[PDB]
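Peer 1: Got a structure for you, data.cif, holding mmCIF, C-alpha atoms.
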```cif
data_final
#
loop_
_atom_site.label_atom_id
_atom_site.label_comp_id
_atom_site.auth_asym_id
_atom_site.auth_seq_id
_atom_site.Cartn_x
_atom_site.Cartn_y
_atom_site.Cartn_z
CA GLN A 1 69.26 26.71 11.30
CA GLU A 2 69.84 23.01 10.71
CA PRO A 3 67.45 20.11 9.80
CA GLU A 4 66.68 17.38 12.32
CA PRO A 5 68.07 13.87 11.61
CA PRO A 6 65.82 11.17 9.99
CA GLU A 7 64.02 8.47 11.97
CA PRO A 8 64.49 4.66 12.29
CA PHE A 9 63.10 2.60 9.41
CA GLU A 10 63.29 -0.82 7.81
CA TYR A 11 65.75 -1.30 4.96
CA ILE A 12 65.58 -4.13 2.48
CA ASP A 13 68.04 -4.77 -0.30
CA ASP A 14 65.55 -4.71 -3.17
CA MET B 1 100.35 -2.40 39.29
CA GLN B 2 98.40 -0.10 37.02
CA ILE B 3 99.49 0.48 33.46
CA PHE B 4 98.99 3.31 30.98
CA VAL B 5 97.28 2.30 27.75
CA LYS B 6 97.93 4.83 25.01
CA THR B 7 95.49 4.75 22.10
CA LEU B 8 96.21 5.55 18.48
CA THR B 9 96.20 9.15 19.68
CA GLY B 10 97.82 10.98 22.60
CA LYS B 11 94.88 9.78 24.70
CA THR B 12 96.08 7.54 27.52
CA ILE B 13 94.00 5.19 29.66
CA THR B 14 95.53 4.02 32.93
CA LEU B 15 94.12 0.74 34.21
CA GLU B 16 94.85 -0.85 37.57
CA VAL B 17 96.16 -4.34 36.98
CA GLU B 18 98.21 -6.91 38.88
CA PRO B 19 101.42 -8.55 37.58
CA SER B 20 99.61 -11.89 37.75
CA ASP B 21 96.73 -10.57 35.61
CA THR B 22 96.47 -12.02 32.12
CA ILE B 23 96.50 -10.09 28.85
CA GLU B 24 92.87 -11.07 28.32
CA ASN B 25 91.99 -9.42 31.63
CA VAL B 26 93.77 -6.26 30.53
CA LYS B 27 91.85 -6.15 27.25
CA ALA B 28 88.59 -6.44 29.18
CA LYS B 29 89.66 -3.51 31.33
CA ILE B 30 89.94 -1.49 28.13
CA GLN B 31 86.44 -2.57 27.21
CA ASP B 32 85.08 -1.31 30.55
CA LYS B 33 86.91 2.03 30.23
CA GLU B 34 86.21 2.42 26.50
CA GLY B 35 84.08 -0.39 25.12
CA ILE B 36 86.57 -1.78 22.64
CA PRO B 37 86.16 -5.58 22.27
CA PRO B 38 89.30 -7.77 22.55
CA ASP B 39 89.37 -8.34 18.78
CA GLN B 40 89.30 -4.62 17.99
CA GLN B 41 91.86 -3.74 20.65
CA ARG B 42 95.44 -4.87 20.31
CA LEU B 43 97.81 -4.62 23.25
CA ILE B 44 101.47 -4.31 22.27
CA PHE B 45 104.32 -3.90 24.75
CA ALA B 46 107.94 -3.25 23.78
CA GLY B 47 106.86 -3.57 20.15
CA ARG B 48 105.66 -7.12 20.84
CA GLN B 49 102.02 -8.18 20.67
CA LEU B 50 100.72 -9.45 24.00
CA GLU B 51 99.71 -13.05 23.36
CA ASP B 52 96.78 -14.40 25.36
CA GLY B 53 97.27 -16.96 28.12
CA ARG B 54 100.11 -14.81 29.47
CA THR B 55 100.50 -12.65 32.56
CA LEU B 56 101.72 -9.07 32.66
CA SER B 57 104.89 -10.20 34.44
CA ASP B 58 105.60 -12.48 31.45
CA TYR B 59 106.16 -9.38 29.34
CA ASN B 60 108.01 -7.61 32.15
CA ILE B 61 105.11 -5.18 32.39
CA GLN B 62 105.67 -3.16 35.55
CA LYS B 63 103.55 -0.42 37.09
CA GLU B 64 102.93 2.69 35.01
CA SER B 65 103.98 0.71 31.96
CA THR B 66 102.91 2.40 28.74
CA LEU B 67 101.24 -0.03 26.35
CA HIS B 68 100.50 0.53 22.68
CA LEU B 69 96.80 0.18 21.93
CA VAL B 70 95.99 -0.36 18.27
CA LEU B 71 92.44 -0.39 16.96
CA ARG B 72 91.34 -2.32 13.88
CA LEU B 73 89.41 -0.81 10.97
CA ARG B 74 86.45 1.09 12.38
CA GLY B 75 83.02 0.90 10.75
CA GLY B 76 83.12 -0.50 7.22
CA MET C 1 89.30 -19.06 -1.58
CA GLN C 2 91.20 -17.44 -4.41
CA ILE C 3 90.80 -13.76 -5.15
CA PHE C 4 91.10 -11.66 -8.30
CA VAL C 5 93.76 -8.96 -8.09
CA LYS C 6 93.35 -6.22 -10.66
CA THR C 7 96.45 -4.13 -11.34
CA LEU C 8 96.55 -0.52 -12.46
CA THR C 9 97.38 -1.85 -15.93
CA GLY C 10 93.93 -3.49 -16.00
CA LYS C 11 95.45 -6.98 -15.85
CA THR C 12 93.64 -9.31 -13.44
CA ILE C 13 95.50 -12.02 -11.53
CA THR C 14 93.59 -14.57 -9.47
CA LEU C 15 95.58 -15.82 -6.51
CA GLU C 16 94.62 -18.78 -4.33
CA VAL C 17 94.28 -17.60 -0.75
CA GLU C 18 92.57 -18.73 2.45
CA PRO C 19 89.97 -16.66 4.39
CA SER C 20 92.30 -16.64 7.40
CA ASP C 21 95.22 -15.73 5.13
CA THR C 22 96.96 -12.50 6.14
CA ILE C 23 97.33 -9.49 3.86
CA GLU C 24 101.10 -9.94 3.87
CA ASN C 25 100.67 -13.46 2.51
CA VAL C 26 98.44 -12.14 -0.25
CA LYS C 27 101.00 -9.51 -1.21
CA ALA C 28 103.66 -12.21 -1.48
CA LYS C 29 101.43 -14.12 -3.85
CA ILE C 30 101.36 -11.03 -6.05
CA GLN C 31 105.14 -10.75 -5.89
CA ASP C 32 105.60 -14.28 -7.25
CA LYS C 33 102.78 -13.79 -9.79
CA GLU C 34 103.98 -10.37 -10.99
CA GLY C 35 107.15 -9.34 -9.22
CA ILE C 36 105.73 -6.33 -7.42
CA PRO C 37 107.78 -5.74 -4.20
CA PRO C 38 105.83 -5.60 -0.88
CA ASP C 39 106.68 -1.92 -0.53
CA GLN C 40 104.99 -1.19 -3.85
CA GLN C 41 102.18 -3.67 -3.18
CA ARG C 42 99.17 -1.76 -1.93
CA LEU C 43 96.12 -4.02 -1.71
CA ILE C 44 92.76 -2.28 -1.35
CA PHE C 45 89.37 -3.96 -0.83
CA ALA C 46 85.93 -3.12 0.59
CA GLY C 47 86.81 0.53 -0.02
CA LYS C 48 89.52 0.32 2.64
CA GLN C 49 93.20 -0.33 2.16
CA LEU C 50 94.33 -3.71 3.46
CA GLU C 51 96.49 -2.93 6.47
CA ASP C 52 99.37 -5.31 7.13
CA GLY C 53 98.60 -7.83 9.88
CA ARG C 54 94.93 -8.07 8.90
CA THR C 55 93.23 -11.09 7.35
CA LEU C 56 91.17 -11.46 4.19
CA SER C 57 88.07 -12.31 6.21
CA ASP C 58 88.67 -9.05 8.08
CA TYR C 59 87.78 -7.14 4.93
CA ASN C 60 85.00 -9.56 4.06
CA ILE C 61 87.05 -10.79 1.12
CA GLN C 62 85.33 -13.78 -0.46
CA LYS C 63 86.35 -16.11 -3.26
CA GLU C 64 86.86 -14.46 -6.64
CA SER C 65 86.71 -11.12 -4.81
CA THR C 66 88.22 -8.36 -6.91
CA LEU C 67 90.99 -6.46 -5.15
CA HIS C 68 92.43 -3.12 -6.22
CA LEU C 69 96.20 -3.27 -6.52
CA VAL C 70 97.99 0.07 -6.34
CA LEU C 71 101.64 0.47 -7.27
CA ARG C 72 103.98 3.25 -6.14
CA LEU C 73 104.79 5.88 -8.76
CA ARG C 74 108.48 5.83 -7.83
CA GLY C 75 108.94 9.09 -9.72
CA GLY C 76 107.94 12.75 -10.02
CA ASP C 77 108.40 16.02 -11.89
CA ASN D 1 94.75 16.56 -2.30
CA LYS D 2 91.74 18.40 -3.72
CA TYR D 3 88.24 17.68 -2.44
CA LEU D 4 86.11 16.36 -5.23
CA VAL D 5 82.96 16.72 -3.13
CA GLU D 6 81.88 17.78 0.33
CA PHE D 7 78.55 18.17 2.06
CA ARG D 8 77.07 17.86 5.54
CA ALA D 9 75.90 14.33 6.28
CA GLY D 10 75.67 12.01 9.25
CA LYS D 11 76.00 8.23 9.40
CA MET D 12 73.51 5.57 10.50
CA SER D 13 73.54 2.01 11.89
CA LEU D 14 71.98 -0.97 10.17
CA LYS D 15 71.08 -3.89 12.39
CA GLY D 16 69.48 -6.86 10.65
CA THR D 17 67.01 -4.86 8.57
CA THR D 18 66.60 -1.67 10.60
CA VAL D 19 68.51 1.54 9.93
CA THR D 20 68.86 4.04 12.77
CA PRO D 21 70.35 7.57 12.24
CA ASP D 22 73.37 8.69 14.25
CA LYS D 23 73.27 12.05 15.98
CA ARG D 24 76.99 12.37 15.26
CA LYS D 25 76.31 14.47 12.19
CA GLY D 26 79.40 14.74 10.02
CA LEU D 27 80.54 15.73 6.57
CA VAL D 28 80.78 13.48 3.57
CA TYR D 29 83.59 14.57 1.33
CA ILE D 30 85.72 13.03 -1.39
CA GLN D 31 89.40 13.72 -1.97
CA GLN D 32 91.63 12.47 -4.76
CA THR D 33 95.27 11.89 -3.91
CA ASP D 34 98.25 12.18 -6.19
CA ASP D 35 97.90 8.40 -6.51
CA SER D 36 94.60 8.89 -8.36
CA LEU D 37 92.95 7.07 -5.50
CA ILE D 38 89.65 8.55 -4.48
CA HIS D 39 89.42 8.92 -0.74
CA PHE D 40 85.93 8.62 0.70
CA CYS D 41 86.02 10.31 4.07
CA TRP D 42 83.45 11.10 6.72
CA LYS D 43 84.33 13.71 9.31
CA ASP D 44 82.29 14.23 12.46
CA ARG D 45 81.03 17.80 12.82
CA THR D 46 81.24 17.36 16.58
CA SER D 47 85.02 17.66 16.59
CA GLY D 48 85.50 18.26 12.88
CA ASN D 49 87.90 15.33 12.74
CA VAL D 50 87.99 12.70 10.01
CA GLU D 51 86.48 9.61 11.61
CA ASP D 52 86.33 7.61 8.37
CA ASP D 53 88.70 7.34 5.39
CA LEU D 54 88.33 4.64 2.75
CA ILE D 55 89.74 4.67 -0.77
CA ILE D 56 87.02 3.91 -3.28
CA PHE D 57 87.88 2.66 -6.77
CA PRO D 58 85.71 3.00 -9.93
CA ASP D 59 82.67 0.71 -10.01
CA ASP D 60 83.71 -0.32 -6.48
CA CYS D 61 80.55 1.13 -4.96
CA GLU D 62 77.33 2.88 -5.82
CA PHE D 63 75.89 5.98 -4.16
CA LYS D 64 72.09 6.06 -4.24
CA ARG D 65 69.07 7.37 -2.37
CA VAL D 66 67.16 5.26 0.14
CA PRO D 67 63.42 5.29 -0.79
CA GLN D 68 62.35 3.49 2.39
CA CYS D 69 61.50 6.35 4.73
CA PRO D 70 60.45 9.39 2.63
CA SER D 71 60.65 12.63 4.61
CA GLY D 72 64.24 13.85 4.44
CA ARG D 73 67.45 13.13 2.54
CA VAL D 74 68.88 9.64 3.06
CA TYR D 75 71.48 7.97 0.85
CA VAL D 76 73.15 4.56 0.95
CA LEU D 77 76.57 3.51 -0.27
CA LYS D 78 76.77 -0.03 -1.61
CA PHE D 79 80.08 -1.60 -2.44
CA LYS D 80 79.57 -3.52 -5.63
CA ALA D 81 82.70 -5.49 -4.87
CA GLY D 82 82.90 -4.81 -1.13
CA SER D 83 79.49 -6.37 -0.40
CA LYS D 84 79.12 -3.66 2.24
CA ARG D 85 76.27 -1.19 2.77
CA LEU D 86 76.48 2.18 4.51
CA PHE D 87 73.68 4.63 5.29
CA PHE D 88 73.94 8.42 5.53
CA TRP D 89 71.60 11.34 6.01
CA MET D 90 72.16 14.88 4.74
CA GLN D 91 72.19 17.74 7.23
CA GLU D 92 71.69 20.36 4.50
CA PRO D 93 68.53 22.48 5.19
CA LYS D 94 67.84 22.73 1.45
CA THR D 95 67.82 19.98 -1.14
CA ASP D 96 68.59 22.48 -3.88
CA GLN D 97 72.05 20.90 -3.93
CA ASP D 98 71.13 17.40 -2.73
CA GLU D 99 71.12 16.01 -6.24
CA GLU D 100 74.38 17.73 -7.04
CA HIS D 101 76.17 16.09 -4.14
CA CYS D 102 74.54 12.83 -5.01
CA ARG D 103 75.58 13.14 -8.64
CA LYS D 104 79.07 14.35 -7.79
CA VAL D 105 79.63 11.58 -5.28
CA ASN D 106 78.80 8.97 -7.88
CA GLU D 107 80.82 10.76 -10.51
CA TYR D 108 83.78 10.92 -8.16
CA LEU D 109 83.44 7.31 -7.05
CA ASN D 110 82.84 5.84 -10.52
CA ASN D 111 84.25 8.60 -12.70
CA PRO D 112 87.43 9.95 -11.06
CA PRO D 113 89.58 12.61 -12.82
#
```
Written as structure tokens, that's how I'd like the structure from this file.
Peer 2:
Amino acid sequence: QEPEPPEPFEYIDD
Amino acid sequence: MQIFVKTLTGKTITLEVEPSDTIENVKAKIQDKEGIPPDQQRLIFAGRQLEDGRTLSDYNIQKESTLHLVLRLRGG
Amino acid sequence: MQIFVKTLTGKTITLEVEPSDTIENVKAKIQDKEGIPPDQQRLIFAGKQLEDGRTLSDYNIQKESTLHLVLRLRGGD
Amino acid sequence: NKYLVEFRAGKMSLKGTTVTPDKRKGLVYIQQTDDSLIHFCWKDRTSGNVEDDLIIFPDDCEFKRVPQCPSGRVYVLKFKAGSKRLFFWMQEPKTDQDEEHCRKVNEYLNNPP
């Protein structure tokens, strides 16, 4: 019925 | 000499404290019962901010005293 | 650590303030630099409105930071 | 007091350089007040209460996708003047309207009525 939440990842201000 | 700490909402948090306890100690009690750090939490009694380095008796804070708990800007 | 205050009119007014300076102090600076009363002075920065009693550093307001100044309509139809 | 936009989305936490999603899925909606101030609010779906409410001015921030972990729908809000970065994930099962919300959010944050 609803989508599962994303997963942990690295974020870089490119 | 417990005291009732009312949050921004109707929610109230009673914490057991002694008249000799300091304001800093009271803030910590909030942290244990909620997790709000001293900076985020603001204890105001009788419309007067509770300055640190002061005891509850300094502000005439008796048992079952309702304190105004104000939280700073959450998140961003 | 001055900050640029942009009014609804598009006019920008840089006011010299300190990082530990309170929002109320900043509003006063606007009053002297424009004449906007504190009641009508609504400072907004970082996407959040500057609540009275807070400090500029609280909103991560740096030097030359642009602040959104909102004035009360004081009218209706 | 009209809602310019509104879609299901949850928030995340960025620590250092790692973004972790929050299970407290909410709703990202925009509302313009009679003051012409765009209100960016995030309400938790858990209680349906508005947990966040920040007025966003034109060019104040930018709403964009996060091409770091391709798999779902993740967007980030960057305050051009606020120097702040927020991360959100859409709870919508279909992306048929993902771009619309994305486009509307930007158009309501940089192009208010």
Peer 1: Find the spatial neighbours of residue 8 in chain A, counting only C-alpha atoms, within a cut-off of 7 Å - ignore same-chain residues fewer than 6 positions away - and output them as a list in words.
Peer 2: residues 18, 19, 20 and 21 of chain D
Peer 1: If we count only C-alpha atoms, what is near residue 3 in chain B at a cut-off of 6 Å, once residues fewer than 4 positions away on the same chain are taken out, given as a PyMOL selection string?
Peer 2: chain B and resi 14-15+63-65
Peer 1: For residue 33 in chain D, which residue among D:95, D:75, D:112, D:101 is the nearest when counting all atoms listed in the file?
Peer 2: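 Looking only at the distances to residue 33 in chain D, the closest residue turns out to be D:112.
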Peer 1: Find the residues near range 9-19 of chain C: any atom within 8 Å, counting all atoms listed in the file, skip ones fewer than 4 places away on the same chain, and give them as a PyMOL selection string.
Peer 2: chain C and resi 1-5+26+29-30+33+55-57+61-62+64
Peer 1: Kindly compute an axis-aligned box around the listed atoms of range 45-49 of chain C, allowing 8 Å on each side, and express its centre and edge lengths in Å to one decimal as lines of an AutoDock Vina configuration file.
Peer 2:
```
center_x = 89.6
center_y = -1.7
center_z = 0.9
size_x = 23.3
size_y = 20.5
size_z = 19.5
```
Peer 1: At a cut-off of 10 Å, which residues of chain B touch chain C? Count all atoms listed in the file and give the answer as JSON, numbers by chain.
Peer 2: {"B": [72, 73, 76]}
